[PDB]
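Okay, here we've got a single chain as structure tokens, the form deposited in one PDB entry, with questions on binding and movement later.
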């Protein structure tokens, strides 16, 4: 029972397993195109992730939106106060950032001219700002379970038709967990209950990053688009989360939403999203060898992939990623300049430092707070954020 697909909503649009297999084959295949049939220098990977867009039932209308690899987070010495480094390079995190690039591209496409508006996935909303066209869905693929609550118990593959977790009620279950710098495992936040400081980390206090389980759960409440895009667009959710290996429905469902089913008072258009969960027909084999210190990314449209040093958050020549805070802020700023002010979902005007700009997304910020309270009241710990200095920068 445990190695079984957990279906989505109350009216079924795709066959669960056909969709699962499809997005798996497509992400894996596109990675193949990008790496000269896995022969490339950076074709080496431990964890692969990607996003697939569907526009209709025609399962051959699927598009690979983004592809990524990576299993590491930035080293503490390398945090950037100018927002030029990538803090978390676990593949699925990277694949969502690549999807952000795609969304900015689509909005820009809409605003470009009238003949392009038909081709863009967005349309004007009656409520102000933009919304996805009626048929458009995104699906997340990870070649393995996201670290934290979905993966920490049962690191192995289930013997199939094996009942769920024998110890479903431990205090440990559902607990928020952090990747800890220079240590393995993912650890409860309740043990590290103080806030992180810039000068604390720089000195040697271990930098904590929220686990991928926790981050995806968050996506299943505030959306995948993030604060900045939420000023233009309505919340966007993944319709499916597909795992190429290590799929445990009990653990995955608990981790992705069920543990915070006590969430209340979400602002309009926000909700606790319960996407299709599924493993695939033929689970991926363990990728042999040492895990690469690099992390690869690609967004549809791009000529090349980009290779980032996960340790440093930058590329081999020390240049900023096209996925860093600063690049995203630049994209956001250009769109912001091209969007008529009667078309903003939030028209509160703030100074042009990153953190202030995110705060302009009042409703998103409120959803985020509902989320945190959900985890706390469910006894699952307080969210751990980056030191506040992280986001105080402007575009020079």
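In this text, rigid core is short for the largest set of C-alphas that superpose within 1.5 Å between two forms. Positions refer to the first chain, counted from 1.
S.K.: Would you mind comparing 329-337 and 34-42 for me and telling me which has the higher average C-alpha temperature factor in the entry?
M.R.: It is 34-42.
S.K.: Read off the CA B-factors in the entry, average them over 131-139 and over 86-94, and name the higher stretch.
M.R.: Per the PDB entry, the higher value belongs to 131-139.
S.K.: Out of 80, 278, 281, 144, which shows the largest CA B-factor listed in the entry?
M.R.: In this record, 281 carries the highest C-alpha B-factor of the candidates.
S.K.: So if I compare the CA B-factors in the entry for 316, 234, 115, 205, which one is the largest?
M.R.: Checking the PDB record, the top C-alpha B-factor among 316, 234, 115, 205 is at 115.
S.K.: If you rank the chain by CA B-factor, which third does residue 66 end up in: lowest, middle or highest?
M.R.: Middle third.
S.K.: Which third, lowest, middle or highest, does the C-alpha temperature factor of residue 174 belong to within its own chain?
M.R.: For residue 174, the deposited C-alpha B-factor lands in the lowest third.
S.K.: Could you say whether, by C-alpha temperature factor, residue 349 belongs to the lowest, middle or highest third of its chain?
M.R.: Within its chain, residue 349 is a highest-third residue by C-alpha B-factor, going by the deposited values.
S.K.: Once the chain's modelled residues are ordered by C-alpha B factor and cut into thirds, is residue 8 in the lowest, middle or highest one?
M.R.: Residue 8: CA B-factor falls in the highest third of its chain.
S.K.: Per the entry's values, where does residue 271 land by CA temperature factor relative to the rest of its chain, in the lowest, middle or highest third?
M.R.: Tercile = middle for this residue's CA B-factor.
One more form of this protein, deposited in another entry, exists but is not displayed; see below.
S.K.: Which listed residue, 216, 207, 323, 228, is the one whose CA shifts 2 angstroms or more between this form and the one not shown with the rigid core aligned?
M.R.: Looking at each option in turn, only one qualifies, and it is 207.
S.K.: Does residue 153 move its CA by 2 angstroms or more between this form and the one not shown when the core is aligned?
M.R.: True for residue 153: a C-alpha shift of 2 Å or more.
S.K.: Once the two forms are fit on the core, has residue 351 moved its CA by at least 2 Å between this form and the one not shown?
M.R.: Shift at residue 351: 2 Å or more after core fit.
S.K.: By the 2 angstroms cut-off, has the C-alpha of residue 185 moved between this form and the one not shown once the rigid core is superposed?
M.R.: Where the cores coincide, residue 185 still shows a C-alpha shift between this form and the one not shown that is 2 Å or more.
S.K.: Please check whether, in the other form, the CA atoms of residue 288 and residue 37 lie closer or farther apart than here, given a change of 3 Å or more.
M.R.: Between the C-alphas of residue 37 and residue 288, the gap widens in the other form (3 Å or more compared with this form).
S.K.: How does the C-alpha distance between residue 37 and residue 287 change in the other form compared with the present structure, closer or farther, given a change of 3 angstroms or more?
M.R.: Compared with the shown chain, residue 37-residue 287 is farther in the other form.
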